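The authors' numbering puts the sequence shown at residues 4 to 23, 34 to 49, 64 to 126, 130 to 251. Don't be surprised by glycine CBs; every beta carbon is placed ideally from N, CA and C. See structure below.
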Amino acid sequence: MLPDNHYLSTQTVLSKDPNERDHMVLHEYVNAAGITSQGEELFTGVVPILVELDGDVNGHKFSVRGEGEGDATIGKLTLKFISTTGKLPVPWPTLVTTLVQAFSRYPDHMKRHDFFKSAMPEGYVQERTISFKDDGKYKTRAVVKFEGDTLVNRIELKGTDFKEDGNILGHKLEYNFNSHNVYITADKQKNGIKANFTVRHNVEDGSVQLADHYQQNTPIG
C-alpha cells in the first residue's frame, strides 16, 4: 500500500495579476518519476482548489488565501493567492512550497505509488520543517482534504529565529522559482510517507539561499 522510492519533478512560474493588494499568481507542473484506489477517480478532470494559511514569523502575523483549479491528468496547477493583511513580512517565494501534491501526474506504470490521491477524499496531514541556511526556520502543519468537490488546503505556519538583516526578513530574494525534485520515501512506522529536498532561492545579488525541506505526510481516515 505504501509506495517505493521515487521523486516528483516540478516546474514553477510566478507572476502577477494585471488587475491585482499583495498577491501571487502560481503556475505549477509536477510529474512523478524514478520507478523501474477509489481516490484516483476523483481527479479525472478539473478540480477547484482553496488554500488558507495563517502565519507568524518573528512575531509578525499574516494571512494568505488563494483560489484556483487543478488538472491532475496533466499535472497542472493554477492558483492566485492574496494577502488579507497587507504587505507580508516575508517574500512570496518562501511560501510557495507551503501554499497540494495530490495533483502530481503519475505515469500509468507507477499509479500504484500515488499516496496523495489514495488518501482522498478523507485527506492527509502534511507537516514540514523548512530550515534556511544561516538563518531562521519554518514549522508548518496542514490538512489537505475534500470539502464537497473542492480540494482545501489549511496550513499553520510558525517561523522563528530569523535574522533582521537576512535574505528572508530583508526581502532580498528574487521573484522567481527554480525547478526541484521532491524525493519520496515510505514510513511504515506511521503508515505515511516522508519527503526530502533542498530549495534554491535566487538572491538579487546573484548568490543562492538554501532552504532544506523535511516533510512528513500521514493519512486521516
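Buried versus exposed call for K147 [16 or more other C-beta atoms within 10 Å across all chains shown]: By 1-based counting over the sequence shown, the position of residue 147 is 117. It is buried - the Cβ of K147 has at least 16 other Cβ atoms within 10 Å.
From the DSSP output, read off the bridge partner residues of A241. Indexing the sequence shown from 1 puts residue 241 at position 211. For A241, which the question treats as bridged, DSSP gives the partners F162, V229.
Rounded separation between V173 and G166 - CA only: Numbered from 1 along the sequence shown, position 143 holds the residue referred to as residue 173. Numbered from 1 along the sequence shown, position 136 holds the residue referred to as residue 166. Whole-angstrom Cα-Cα distance: 24 angstroms.
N226 and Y205: beta carbons closer than 8 angstroms? Within the sequence shown, residue 226 is the residue found at index 196, counting from 1. Within the sequence shown, residue 205 is the residue found at index 175, counting from 1. Contact: no.
Alpha carbon to alpha carbon, how far is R230 from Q239? Position 200 of the sequence shown holds residue 230. Position 209 of the sequence shown holds residue 239. Approximately 6 angstroms, taken between the alpha carbons.
Apply the 10 Å Cβ neighbour rule to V233 and answer buried if 16 or more other Cβ atoms are within range, or exposed otherwise. Position 203 of the sequence shown, counting from 1, holds the residue named residue 233. Exposed, by the Cβ-count rule.
Taking all protein chains shown into account, do 16 or more other C-beta atoms lie within 10 angstroms of the C-beta of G236, making it buried, or fewer, making it exposed? Counted from its first residue, the sequence shown places residue 236 at position 206. Exposed is the call here.
Less than 8 angstroms between the CB atoms is what I'm expecting for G97 and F145, so what's the real figure, rounded? Taking the first residue of the sequence shown as position 1, residue 97 is located at position 70. Taking the first residue of the sequence shown as position 1, residue 145 is located at position 115. Actually they do not touch by this definition, with Cβ atoms about 17 angstroms apart.
For residue 3, which residues of its own chain have a beta-carbon under 6 angstroms away from its beta-carbon, when the five flanking residues on both sides are left out? This structure leaves residue 3 out entirely; the chain is present only between 4 and 251.
In the DSSP assignment, find the alpha helix (DSSP H) that holds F108 and state where it starts and stops. Here residue 108 corresponds to residue number 81 of the sequence shown, with the count starting at 1. Taken as a continuous stretch (DSSP letters only), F108 belongs to no alpha helix (DSSP H), being part of the beta strand (DSSP E) at 103-110.
Looking at the unbroken alpha helix (DSSP H) that takes in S148, where does it start and where does it end? For the purposes of this step, residue 148 is identified with residue 118 of the sequence shown, where counting begins at 1. Segment 145-148, the alpha helix (DSSP H) holding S148.
Spatially closest choice to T111 from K141, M37, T71, by CA coordinates: As a working note, residue 111 is residue 84 in the sequence shown. If we check each option's Cα against that of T111, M37 comes out closest.
Option nearest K103 by Cα separation, candidates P116, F70, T228, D138: Your numbering for residue 103 matches position 76 in the sequence shown. Closest option to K103, Cα to Cα, is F70.
Exposed unless 16 or more other CB atoms sit within 10 angstroms - verdict on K19: The residue given as residue 19 occupies position 16 in the sequence shown. When all chains shown are included, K19 counts as exposed.
Counting only the same chain and skipping the five closest in sequence on each side, list residues whose C-beta sits under 6 angstroms from that of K188. Within the sequence shown, residue 188 is the residue found at index 158, counting from 1. Cβ neighbours of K188 beyond the five flanking positions: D83, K169.
Using three-state DSSP, classify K220 as helix, strand or coil. On the sequence shown, position 190 is the one that residue 220 refers to. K220: helix per DSSP, three-state reduction.
For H9, which residues does DSSP report across the bridge? Here residue 9 refers to the residue found at position 6 when the sequence shown is read from its first residue. DSSP lists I214 as partners of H9.
Under the three-state DSSP convention, the category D83 falls into: Looking up residue 83 in the sequence shown gives position 56. It is a strand residue.
Taking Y42 as the reference, give the member of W119, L11, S64 with the closest Cα. Taking the first residue of the sequence shown as 1, we reach residue 42 at position 29. If we check each option's Cα against that of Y42, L11 comes out closest.
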